[PDB]
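The data block below is my_file.pdb; it holds PDB, C-alpha atoms.
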```
ATOM      1  CA  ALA V 165     126.281   6.637 172.584
ATOM      2  CA  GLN V 166     128.011   9.632 174.183
ATOM      3  CA  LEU V 167     128.450   7.866 177.532
ATOM      4  CA  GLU V 168     129.859   4.838 175.700
ATOM      5  CA  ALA V 169     132.282   7.134 173.869
ATOM      6  CA  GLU V 170     133.164   8.645 177.252
TER       7      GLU V 170
ATOM      8  CA  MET F   1     108.861  66.606 209.843
ATOM      9  CA  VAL F   2     105.881  65.363 207.838
ATOM     10  CA  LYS F   3     104.889  61.735 208.329
ATOM     11  CA  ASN F   4     103.846  60.002 205.110
ATOM     12  CA  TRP F   5     101.513  57.444 206.654
ATOM     13  CA  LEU F   6     100.194  55.919 203.430
ATOM     14  CA  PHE F   7     103.682  55.892 201.913
ATOM     15  CA  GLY F   8     105.101  53.949 204.855
ATOM     16  CA  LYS F   9     102.151  51.555 204.871
ATOM     17  CA  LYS F  10     102.565  50.734 201.180
ATOM     18  CA  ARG F  11     106.325  50.487 201.736
ATOM     19  CA  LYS F  12     105.774  47.774 204.348
ATOM     20  CA  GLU F  13     103.375  45.941 202.024
ATOM     21  CA  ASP F  14     105.829  46.007 199.106
ATOM     22  CA  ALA F  15     108.672  44.887 201.370
ATOM     23  CA  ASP F  16     106.605  41.907 202.521
ATOM     24  CA  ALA F  17     105.739  40.984 198.929
ATOM     25  CA  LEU F  18     109.412  41.160 197.955
ATOM     26  CA  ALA F  19     110.349  39.003 200.950
ATOM     27  CA  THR F  20     107.782  36.385 199.908
ATOM     28  CA  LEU F  21     109.035  36.333 196.314
ATOM     29  CA  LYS F  22     112.677  36.126 197.414
ATOM     30  CA  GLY F  23     111.919  33.257 199.781
ATOM     31  CA  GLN F  24     110.119  31.255 197.117
ATOM     32  CA  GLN F  25     112.970  31.955 194.693
ATOM     33  CA  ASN F  26     115.515  30.697 197.234
ATOM     34  CA  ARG F  27     113.465  27.531 197.706
ATOM     35  CA  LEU F  28     113.439  27.002 193.939
ATOM     36  CA  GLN F  29     117.216  27.500 193.721
ATOM     37  CA  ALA F  30     117.748  24.894 196.446
ATOM     38  CA  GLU F  31     115.460  22.484 194.588
ATOM     39  CA  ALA F  32     117.415  23.134 191.382
ATOM     40  CA  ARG F  33     120.694  22.340 193.132
ATOM     41  CA  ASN F  34     119.248  19.087 194.478
ATOM     42  CA  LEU F  35     117.963  18.107 191.025
ATOM     43  CA  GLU F  36     121.414  18.776 189.552
ATOM     44  CA  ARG F  37     122.960  16.527 192.210
ATOM     45  CA  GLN F  38     120.467  13.765 191.396
ATOM     46  CA  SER F  39     121.244  14.089 187.683
ATOM     47  CA  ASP F  40     124.969  13.726 188.389
ATOM     48  CA  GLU F  41     124.332  10.607 190.483
ATOM     49  CA  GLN F  42     122.228   9.153 187.669
ATOM     50  CA  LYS F  43     125.035   9.793 185.178
ATOM     51  CA  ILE F  44     127.525   8.041 187.473
ATOM     52  CA  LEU F  45     125.100   5.119 187.711
ATOM     53  CA  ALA F  46     124.734   5.045 183.914
ATOM     54  CA  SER F  47     128.520   4.883 183.581
ATOM     55  CA  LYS F  48     128.657   1.961 186.018
ATOM     56  CA  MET F  49     125.875   0.142 184.144
ATOM     57  CA  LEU F  50     127.883   0.631 180.949
ATOM     58  CA  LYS F  51     131.108  -0.711 182.475
ATOM     59  CA  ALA F  52     129.457  -3.680 184.208
ATOM     60  CA  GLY F  53     128.009  -4.951 180.909
ATOM     61  CA  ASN F  54     124.355  -3.891 181.323
ATOM     62  CA  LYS F  55     123.241  -1.669 178.455
TER      63      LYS F  55
ATOM     64  CA  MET G   1     102.624  36.870 214.493
ATOM     65  CA  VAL G   2      99.759  35.590 212.349
ATOM     66  CA  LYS G   3      98.765  31.959 212.821
ATOM     67  CA  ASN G   4      97.899  30.192 209.568
ATOM     68  CA  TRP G   5      95.506  27.633 211.013
ATOM     69  CA  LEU G   6      94.364  26.072 207.740
ATOM     70  CA  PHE G   7      97.924  26.055 206.403
ATOM     71  CA  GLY G   8      99.202  24.146 209.431
ATOM     72  CA  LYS G   9      96.271  21.733 209.317
ATOM     73  CA  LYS G  10      96.878  20.883 205.660
ATOM     74  CA  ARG G  11     100.606  20.666 206.410
ATOM     75  CA  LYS G  12      99.938  17.971 209.014
ATOM     76  CA  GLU G  13      97.672  16.103 206.587
ATOM     77  CA  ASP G  14     100.272  16.161 203.798
ATOM     78  CA  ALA G  15     103.002  15.078 206.213
ATOM     79  CA  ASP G  16     100.897  12.095 207.283
ATOM     80  CA  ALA G  17     100.222  11.136 203.661
ATOM     81  CA  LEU G  18     103.939  11.328 202.874
ATOM     82  CA  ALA G  19     104.735   9.202 205.933
ATOM     83  CA  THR G  20     102.241   6.559 204.784
ATOM     84  CA  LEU G  21     103.676   6.485 201.259
ATOM     85  CA  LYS G  22     107.258   6.310 202.546
ATOM     86  CA  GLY G  23     106.397   3.457 204.896
ATOM     87  CA  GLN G  24     104.748   1.420 202.161
ATOM     88  CA  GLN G  25     107.716   2.119 199.880
ATOM     89  CA  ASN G  26     110.135   0.899 202.559
ATOM     90  CA  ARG G  27     108.083  -2.277 202.953
ATOM     91  CA  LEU G  28     108.253  -2.838 199.195
ATOM     92  CA  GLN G  29     112.032  -2.316 199.166
ATOM     93  CA  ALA G  30     112.441  -4.895 201.937
ATOM     94  CA  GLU G  31     110.266  -7.336 199.987
ATOM     95  CA  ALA G  32     112.378  -6.701 196.879
ATOM     96  CA  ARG G  33     115.568  -7.459 198.802
ATOM     97  CA  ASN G  34     114.074 -10.709 200.100
ATOM     98  CA  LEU G  35     112.974 -11.727 196.595
ATOM     99  CA  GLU G  36     116.492 -11.048 195.295
ATOM    100  CA  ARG G  37     117.913 -13.264 198.048
ATOM    101  CA  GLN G  38     115.482 -16.050 197.132
ATOM    102  CA  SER G  39     116.447 -15.751 193.460
ATOM    103  CA  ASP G  40     120.133 -16.084 194.359
ATOM    104  CA  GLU G  41     119.408 -19.190 196.446
ATOM    105  CA  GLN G  42     117.460 -20.681 193.541
ATOM    106  CA  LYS G  43     120.387 -20.043 191.191
ATOM    107  CA  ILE G  44     122.766 -21.760 193.626
ATOM    108  CA  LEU G  45     120.351 -24.696 193.765
ATOM    109  CA  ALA G  46     120.180 -24.804 189.955
ATOM    110  CA  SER G  47     123.979 -24.944 189.818
ATOM    111  CA  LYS G  48     124.008 -27.845 192.285
ATOM    112  CA  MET G  49     121.337 -29.698 190.287
ATOM    113  CA  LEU G  50     123.503 -29.223 187.194
ATOM    114  CA  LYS G  51     126.654 -30.531 188.895
ATOM    115  CA  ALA G  52     124.935 -33.496 190.567
ATOM    116  CA  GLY G  53     123.666 -34.804 187.210
ATOM    117  CA  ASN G  54     119.989 -33.764 187.427
ATOM    118  CA  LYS G  55     119.010 -31.574 184.487
ATOM    119  CA  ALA G  56     115.282 -31.778 185.253
ATOM    120  CA  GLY G  57     115.922 -30.369 188.723
ATOM    121  CA  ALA G  58     118.069 -27.628 187.211
ATOM    122  CA  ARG G  59     115.187 -26.678 184.909
ATOM    123  CA  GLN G  60     112.838 -26.730 187.912
ATOM    124  CA  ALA G  61     115.109 -24.418 189.906
ATOM    125  CA  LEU G  62     115.540 -22.054 186.956
ATOM    126  CA  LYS G  63     111.767 -21.839 186.443
ATOM    127  CA  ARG G  64     111.317 -21.045 190.139
ATOM    128  CA  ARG G  65     114.043 -18.408 189.871
ATOM    129  CA  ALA G  66     112.273 -16.915 186.852
ATOM    130  CA  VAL G  67     109.093 -16.585 188.902
ATOM    131  CA  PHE G  68     111.049 -14.900 191.712
ATOM    132  CA  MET G  69     112.680 -12.390 189.344
ATOM    133  CA  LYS G  70     109.300 -11.564 187.801
ATOM    134  CA  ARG G  71     107.970 -10.853 191.294
ATOM    135  CA  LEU G  72     111.065  -8.734 191.966
ATOM    136  CA  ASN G  73     110.412  -6.686 188.829
ATOM    137  CA  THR G  74     106.776  -6.106 189.792
ATOM    138  CA  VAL G  75     107.751  -5.028 193.315
ATOM    139  CA  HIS G  76     110.408  -2.623 192.030
ATOM    140  CA  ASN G  77     107.973  -1.024 189.585
ATOM    141  CA  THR G  78     105.394  -0.592 192.356
ATOM    142  CA  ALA G  79     107.977   1.148 194.538
ATOM    143  CA  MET G  80     108.861   3.448 191.632
ATOM    144  CA  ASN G  81     105.178   4.330 191.209
ATOM    145  CA  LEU G  82     104.961   5.213 194.901
ATOM    146  CA  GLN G  83     108.022   7.441 194.481
ATOM    147  CA  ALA G  84     106.264   9.139 191.568
ATOM    148  CA  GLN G  85     103.244   9.835 193.778
ATOM    149  CA  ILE G  86     105.480  11.309 196.498
ATOM    150  CA  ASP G  87     107.134  13.557 193.914
ATOM    151  CA  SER G  88     103.695  14.633 192.702
ATOM    152  CA  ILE G  89     102.714  15.677 196.232
ATOM    153  CA  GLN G  90     105.887  17.722 196.674
ATOM    154  CA  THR G  91     105.551  19.319 193.227
ATOM    155  CA  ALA G  92     101.963  20.336 193.982
ATOM    156  CA  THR G  93     103.071  21.933 197.259
ATOM    157  CA  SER G  94     105.845  23.896 195.539
ATOM    158  CA  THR G  95     103.516  25.004 192.737
ATOM    159  CA  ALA G  96     100.934  26.228 195.252
ATOM    160  CA  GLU G  97     103.558  28.337 197.020
ATOM    161  CA  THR G  98     104.777  29.724 193.685
ATOM    162  CA  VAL G  99     101.258  30.709 192.638
ATOM    163  CA  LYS G 100     100.702  32.401 196.006
ATOM    164  CA  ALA G 101     103.903  34.436 195.656
ATOM    165  CA  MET G 102     102.992  35.444 192.102
ATOM    166  CA  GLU G 103      99.510  36.524 193.205
ATOM    167  CA  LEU G 104     100.974  38.650 196.004
ATOM    168  CA  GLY G 105     103.372  40.370 193.617
ATOM    169  CA  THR G 106     100.565  40.894 191.113
ATOM    170  CA  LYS G 107      98.427  42.534 193.808
ATOM    171  CA  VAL G 108     101.215  44.951 194.758
ATOM    172  CA  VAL G 109     102.055  45.871 191.166
ATOM    173  CA  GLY G 110      98.368  46.300 190.380
ATOM    174  CA  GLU G 111      97.984  48.798 193.204
ATOM    175  CA  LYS G 112     101.003  50.702 191.874
ATOM    176  CA  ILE G 113      99.752  50.659 188.274
ATOM    177  CA  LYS G 114      96.347  51.932 189.372
ATOM    178  CA  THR G 115      97.926  54.752 191.386
ATOM    179  CA  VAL G 116     100.342  55.983 188.681
ATOM    180  CA  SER G 117      98.315  55.080 185.607
ATOM    181  CA  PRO G 118      99.705  55.494 182.071
ATOM    182  CA  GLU G 119      97.197  58.279 181.389
ATOM    183  CA  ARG G 120      98.663  60.152 184.359
ATOM    184  CA  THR G 121     102.151  59.821 182.881
ATOM    185  CA  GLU G 122     100.849  61.051 179.522
ATOM    186  CA  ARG G 123      99.359  64.112 181.227
ATOM    187  CA  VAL G 124     102.596  64.829 183.103
ATOM    188  CA  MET G 125     104.753  64.522 179.996
ATOM    189  CA  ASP G 126     102.371  66.704 177.982
ATOM    190  CA  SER G 127     102.537  69.373 180.689
ATOM    191  CA  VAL G 128     106.341  69.187 180.712
ATOM    192  CA  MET G 129     106.438  69.625 176.927
ATOM    193  CA  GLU G 130     104.018  72.564 176.930
ATOM    194  CA  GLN G 131     105.856  74.328 179.740
ATOM    195  CA  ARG G 132     109.220  73.778 178.044
ATOM    196  CA  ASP G 133     107.815  75.392 174.899
ATOM    197  CA  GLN G 134     106.513  78.358 176.893
ATOM    198  CA  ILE G 135     109.832  78.878 178.707
ATOM    199  CA  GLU G 136     111.664  78.769 175.373
ATOM    200  CA  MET G 137     109.305  81.307 173.801
ATOM    201  CA  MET G 138     109.483  83.622 176.831
ATOM    202  CA  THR G 139     113.278  83.462 177.069
ATOM    203  CA  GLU G 140     113.752  84.044 173.326
ATOM    204  CA  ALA G 141     111.320  86.972 173.347
ATOM    205  CA  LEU G 142     113.574  88.692 175.904
ATOM    206  CA  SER G 143     116.721  88.047 173.808
ATOM    207  CA  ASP G 144     115.649  89.672 170.532
ATOM    208  CA  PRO G 145     118.774  91.441 169.164
ATOM    209  CA  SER G 146     116.600  94.196 167.645
ATOM    210  CA  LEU G 147     116.863  96.190 170.896
ATOM    211  CA  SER G 148     120.613  96.469 171.483
ATOM    212  CA  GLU G 149     120.887  96.841 167.720
ATOM    213  CA  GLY G 150     117.969  99.274 167.743
ATOM    214  CA  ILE G 151     118.801 101.711 164.967
ATOM    215  CA  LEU G 152     120.015  99.764 161.925
ATOM    216  CA  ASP G 153     121.993 101.099 158.982
ATOM    217  CA  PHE G 154     119.809 102.738 156.362
ATOM    218  CA  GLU G 155     122.639 101.983 153.923
ATOM    219  CA  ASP G 156     122.254  98.311 154.989
ATOM    220  CA  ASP G 157     125.742  97.476 156.266
ATOM    221  CA  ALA G 158     127.585  99.427 153.546
ATOM    222  CA  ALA G 159     129.357 101.693 156.041
ATOM    223  CA  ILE G 160     130.258  98.740 158.257
ATOM    224  CA  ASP G 161     131.353  96.833 155.148
ATOM    225  CA  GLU G 162     133.773  99.624 154.255
ATOM    226  CA  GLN G 163     134.895  99.883 157.890
ATOM    227  CA  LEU G 164     135.746  96.172 157.906
ATOM    228  CA  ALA G 165     137.553  96.605 154.583
ATOM    229  CA  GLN G 166     139.570  99.524 155.970
ATOM    230  CA  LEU G 167     140.479  97.660 159.168
ATOM    231  CA  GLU G 168     141.528  94.661 157.068
ATOM    232  CA  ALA G 169     143.689  96.964 154.944
ATOM    233  CA  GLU G 170     145.110  98.367 158.188
TER     234      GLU G 170
END
```
Could you quickly redo this structure as structure tokens?
Amino acid sequence: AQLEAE
Amino acid sequence: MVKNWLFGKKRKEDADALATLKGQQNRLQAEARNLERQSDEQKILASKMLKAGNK
Amino acid sequence: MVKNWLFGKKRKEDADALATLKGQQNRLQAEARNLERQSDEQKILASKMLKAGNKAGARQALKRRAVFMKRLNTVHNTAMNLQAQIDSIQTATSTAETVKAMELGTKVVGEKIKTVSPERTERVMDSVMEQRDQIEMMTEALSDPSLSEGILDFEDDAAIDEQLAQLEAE
């Protein structure tokens, strides 16, 4: 999720 | 000028033990740096898998 | 210059084991690349069967491609398992060196702790305390003001009281 948000 | 024979002997022994510990610590720091590099490469790969359309 | 005969022997053995594992892993990577190539050729063939008007042949080619990709997955997982074994060998080597360094340090610190034991430090600090008390008592015995005072007022400071009063009035 955090990499996608990145 | 008194020679402290036992003192110098134990000094050499403690210096060798400290050298051994410092060498193993330096090896572990190098291994840590390599593991950090590998983690960064894996994050770059994860970003490319996200962009390419492969979750 | 001490020779570590057993250490060098086991080093050669571990190097040969790592070479064997790396060679088999390289073989598996080459096989994986070839299987990927074959899968791509099968997909191209499936596309041509679709264009030519042969759906049965397209299904045939896609089934063959599915078999090739399953083989590719198995080969890749086997190569990953070999990498895990290589990492286990290197981790065991590093852990052995760490335990040896810790045992050396423990030996040195144990010799020091046995030499200067805690009971020895207790004895030294007790002696320091006792001697400090004796110096204080000796050096306060010599400083008793009763000598330089010597004769004290029988009137108990009355004359000196009035002298201070008279000097204040002055």
Using all atoms listed in the file, what table do you get, as CSV, when you list each residue of chain F with an atom no more than 12 Å from chain G, its nearest pair of atoms, and their distance in Å rounded to one decimal, rows by chain then rising number?
```
residue,atom,partner,partner_atom,distance
F:7,CA,G:112,CA,11.6
F:10,CA,G:108,CA,8.7
F:11,CA,G:108,CA,10.3
F:12,CA,G:108,CA,11.0
F:13,CA,G:108,CA,7.6
F:14,CA,G:108,CA,6.4
F:15,CA,G:108,CA,10.0
F:16,CA,G:104,CA,9.2
F:17,CA,G:105,CA,5.8
F:18,CA,G:105,CA,7.5
F:19,CA,G:101,CA,9.5
F:20,CA,G:101,CA,6.1
F:21,CA,G:101,CA,5.5
F:22,CA,G:101,CA,9.1
F:23,CA,G:101,CA,9.1
F:24,CA,G:98,CA,6.5
F:25,CA,G:98,CA,8.6
F:26,CA,G:98,CA,11.4
F:27,CA,G:94,CA,8.7
F:28,CA,G:94,CA,8.4
F:30,CA,G:94,CA,12.0
F:31,CA,G:94,CA,9.8
```
Could the residues of chain V that have an atom at most 10 Å from chain F be listed as CSV, each with its closest atom pair and the distance in Å to one decimal, counting only C-alpha atoms and ordered by chain and ascending residue number?
```
residue,atom,partner,partner_atom,distance
V:167,CA,F:47,CA,6.7
V:168,CA,F:50,CA,7.0
V:170,CA,F:47,CA,8.7
```
- Go ahead and compute the interatomic distance for atom CA of residue G:38 and atom CA of residue G:86, in Å to one decimal.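 Value for the atom CA of residue G:38-atom CA of residue G:86 distance: 29.1 Å.
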- Task: Figure out the distance between atom CA of residue G:149 and atom CA of residue G:161, please, to one decimal in Å.
- Result: 16.4 Å
- Applied to the shown file, which residues does the PyMOL selection byres ((chain G and resi 89) around 12) return, written as a list in words?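 Residues picked by the PyMOL selection byres ((chain G and resi 89) around 12): residues 11, 13, 14, 15, 16, 17, 18, 19, 21, 82, 83, 84, 85, 86, 87, 88, 90, 91, 92, 93, 94, 95 and 96 of chain G.
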Show me, as JSON, the centre and edge lengths in Å to one decimal of the axis-aligned box that covers every listed atom of stretch 66-77 of chain G with 4 Å on each side.
```
{"center_x": 109.7, "center_y": -9.0, "center_z": 190.1, "size_x": 13.9, "size_y": 23.9, "size_z": 14.5}
```
- 12 Å contact set for residue G:77, all atoms listed in the file, chain neighbours under 4 positions out, as a list in words: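 Contacts, in chain order: residues 25, 28, 29, 32, 70, 71, 72, 73, 81, 82, 83 and 84 of chain G.
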